[PDB]
Structure formats: structure tokens, C-alpha cells
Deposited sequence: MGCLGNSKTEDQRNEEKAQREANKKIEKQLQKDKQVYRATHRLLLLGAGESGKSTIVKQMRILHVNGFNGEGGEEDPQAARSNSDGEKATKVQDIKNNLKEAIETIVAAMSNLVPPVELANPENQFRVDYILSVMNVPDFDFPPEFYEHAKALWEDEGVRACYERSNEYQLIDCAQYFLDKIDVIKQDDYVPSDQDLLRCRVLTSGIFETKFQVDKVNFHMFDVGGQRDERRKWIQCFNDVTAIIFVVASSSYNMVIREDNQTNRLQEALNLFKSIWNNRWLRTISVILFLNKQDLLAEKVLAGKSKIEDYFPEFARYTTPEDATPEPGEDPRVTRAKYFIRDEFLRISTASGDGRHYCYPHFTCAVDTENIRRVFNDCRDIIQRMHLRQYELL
């Protein structure tokens, strides 16, 4: 038995994150990504400090001292082969340690910022070492853009899976077609958290709305009429927090939440705030409404509340998938 799986979804949805979570799960070289992790960190801070003055209103620093570190972090933004001196990490940290900078991170829904900001900025002091070796959570949080198509093969219980990962941006979607003939099932990934945020491709289109249309585009495709879709409502942690904190609400972007109440088939996680339940099952049904329209038993949709960086959640759900591949005799 061999089952070719294809991951589809928008930018930053967390597709590549899942592919690693198969090397982690079902399959020395870690030294090459330490480079890439430092870059993240670099892009992370420099992005926030840059964003400060380009906001309405602009966010001011808590400590007028830090100004020169801002001057530092700015003047070094473009530098090509940056060698990350210990000063860098010092200013970098102090900058993250600044309150205004955090108050600017609290508004990182407005400008464009990679997900792993908080995570890495909280371990400057860990990454700063030259003896440093990244943990497996570091490996997952690491962000590199995917351009092209990548085939990594794995095996579970002597059953072979081919997994194809592709660029999720608009300009990258042209290549997708090359995986439409003979595909066992589609894994559609969605950044559930990105309801208060817009995509990089133009800096205007709502990310989730984009994800809804893109899903609609795949559901109603002319070469995917029979091919079933496993929907991965991802970034559940990020969602849950955004919800609970109660800053940028859901109904302020997607107004149809104002009428929606929690469903009865709803199985919440042990001790999960009703509002989190309410929200993710709102986001679930948003994609299901798109899927309860067309198809008519020819293909099927499979909802999943997922956190791609959490290996425990992913082991759990990818089996829930393996079962469903064998079950429907695909």
C-alpha cells in the first residue's frame, strides 16, 4: 500500500511544520539550521522596532536609553552576511526587554511578523551561545519559506506514505497542478489564529478569508471532485490565547460570529473555556459551510483542531488520518 498525500493551504499556515513532524515521528544535520534560527531572531526584533514609528499612533519606547540600540538594530537591518556579534544579542535582548517594544508586539497583527517571534526572543540567552545546539521545538519553530515542491517519503506500520510540500503563496500555487493526478487525499492547512491579520502577498486581504476562498477553490476544483480533504485547522494555541486575552475580537473582522452559538456535537477538550470552544468551532463550520454545499458524497471533508508545533497533538491527529485513509478504501 502507498498513499500520496498533498499539503495545501495559504502562506504560513504551517504546512512545512507538519512535514518535519513526520521526520520527527516516523523517520548531526541540525548544525545547518542554527544559522537559520539566528536569522529568524534577527528578522523578528528588527521587524518590531521598524514597525514602531509606522503605526497609528506610533509606539514609543519605555526607556529613552534603548534609543541607540534601536539605532543599532536599524543600521544593521540590511547587512548581508551578518556575523551576529555578542553585542547584537545584548541590544537585541534589551530591546525585547523594553516594554514599548512589547506593546508594539501586542500590535503585531497590523504589520507583518513571523509566528516564532515570542518563542525565540525569549531564548536569546540560549541561542547566543556558540556551544548552542537547537532542541526539536526550536527546529519546528524555525521558519524558512517553501518555494517549489518537496517529496519526503516515510513509513508507518509498514505502510508507505509519500508527502508533498509546496509553496503556499499566490505566485507559488501554479506548481500545485503537478500533484493533482493520483493523489490519495489532500491535507488543507489553515492558520486559525490569523483572523485579525492580512496576508503578505498584498498587505490587505484577510488571511483567513483568503484561506476560506482558497479552500473553496480546492473543494470545487475540476480535478478534485472525488479527492477527499483532511482539514487541519492549525495554530490552535495561538487562536486560544488571542481569544482569551480579548483584545482584537473575532466579530470585529468576521461579523457573522455575532449570531453563531456553540454546537451540540461539540466535544471540547477537558477544561477548555467555552469561548475557545465557541471560536474554533466557528472557524470549523466556516470551512464546513463551504463543504456542505457541493460534492454530494463524491468526496469528503475531515475537521481537525491542530497545533503543528506540538508533536503530541500531531501524533494524535495523523493517526486519526491514517485510520481514515484505510477506512474509506482510498
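Residues 1-38, 66-85, 389-394 of the deposited sequence have no C-alpha coordinates in the structure.
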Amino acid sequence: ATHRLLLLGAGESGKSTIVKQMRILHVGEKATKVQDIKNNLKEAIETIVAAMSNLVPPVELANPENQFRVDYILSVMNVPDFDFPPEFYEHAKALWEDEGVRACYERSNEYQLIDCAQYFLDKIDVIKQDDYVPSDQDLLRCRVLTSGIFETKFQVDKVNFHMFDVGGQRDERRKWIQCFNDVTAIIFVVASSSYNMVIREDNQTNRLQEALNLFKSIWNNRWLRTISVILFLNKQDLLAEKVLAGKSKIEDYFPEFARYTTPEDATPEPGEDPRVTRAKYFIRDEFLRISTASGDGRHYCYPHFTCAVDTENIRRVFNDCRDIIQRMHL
From here on, numbers count along this sequence of modelled residues.
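Stretches compared: 11-19, 306-314. Higher mean C-alpha B-factor in the entry: 306-314. When the mean C-alpha temperature factors of 170-178 and 153-161 are read from the deposited coordinates, 153-161 comes out higher. Within the listed group 51, 56, 45, 70, the record reports its top CA B-factor for 56. The residue among 83, 125, 201, 210 whose C-alpha atom has the highest B-factor in the PDB entry is 83. Residue-level temperature factors show residue 224 in the middle third of its chain, judged at the C-alpha atom. Ranked by C-alpha B-factor against the other modelled residues of its chain, residue 239 falls in the lowest third. The PDB entry assigns residue 136 a C-alpha temperature factor belonging to the middle third of its chain's modelled residues. In the PDB entry, a CA B factor belonging to the highest third of its chain's modelled residues is recorded for residue 261.
When the modelled residues of the chain are ordered by their C-alpha B factor, residue 39 lands in the lowest third.
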